[PDB]
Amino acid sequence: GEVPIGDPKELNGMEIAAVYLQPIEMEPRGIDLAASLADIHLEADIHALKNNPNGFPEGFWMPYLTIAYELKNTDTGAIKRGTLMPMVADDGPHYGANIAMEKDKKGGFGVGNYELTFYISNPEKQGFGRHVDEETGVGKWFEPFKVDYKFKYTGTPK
């Protein structure tokens, strides 16, 4: 029951797609918003492309990325921010977070037209190294960037 969010982007040797589905229960507790307090679960699917400049195989999950998001309702004008934390599900690893939409007590996060922005920084920010030697070395990481999406939130799918 995954609803697609806009069109996927291909940049910095990665494919960056967005989806959302029913809220999910995550361990460890206390890091994420609880399932009952949320309406959706946002996910960032980031996998390596062909000939990734940082040495990642095609289709491999891009790990240790630092992802912040910004969800804007174009109609009501409401904006919220958070972070997508790394986790694994039955369809493998991803970056995600439970998000309150209708249940957001501030309001203006119900059914409507939206803009989603990711803010991604490379793995070195989290202590992930890379070889730079002649034989096995890879190229420089990307500078912090962002990708914009546009989608229509049709309501909670739970």
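Here the rigid core means the biggest group of C-alpha atoms that line up within 1.5 Å when the two forms are laid on top of each other. From 1 onward, residues are counted along the sequence shown.
J.: After a core fit, does 104-112 or 47-55 show the bigger CA gap to the shown form in 5 other deposited structures of this protein?
T.: If we average over structures and residues in 5 other deposited structures of this protein, the farther stretch is 104-112.
J.: Hey, after superposing on the core, which one moves around more in 5 other deposited structures of this protein, 24-32 or 57-65, CA-wise?
T.: Per-stretch check in 5 other deposited structures of this protein: the more divergent one is 24-32.
J.: Tell me which stretch, 88-96 or 30-38, has the higher mean Cα B-factor listed in the entry.
T.: Mean B over CA atoms: larger for 30-38.
J.: Taking the recorded C-alpha temperature factors, which stretch has the higher mean, 53-61 or 106-114?
T.: Taking the mean B-factor of the alpha carbons in each, 106-114 is higher.
J.: Thinking about Cα B factors across the chain, which third does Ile24 belong to?
T.: Top third by C-alpha B-factor.
J.: Quick check for you: using the entry's CA B-factors within this chain, is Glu70 in the lowest, middle or highest third?
T.: Its C-alpha B-factor belongs to the middle third of this chain's values.
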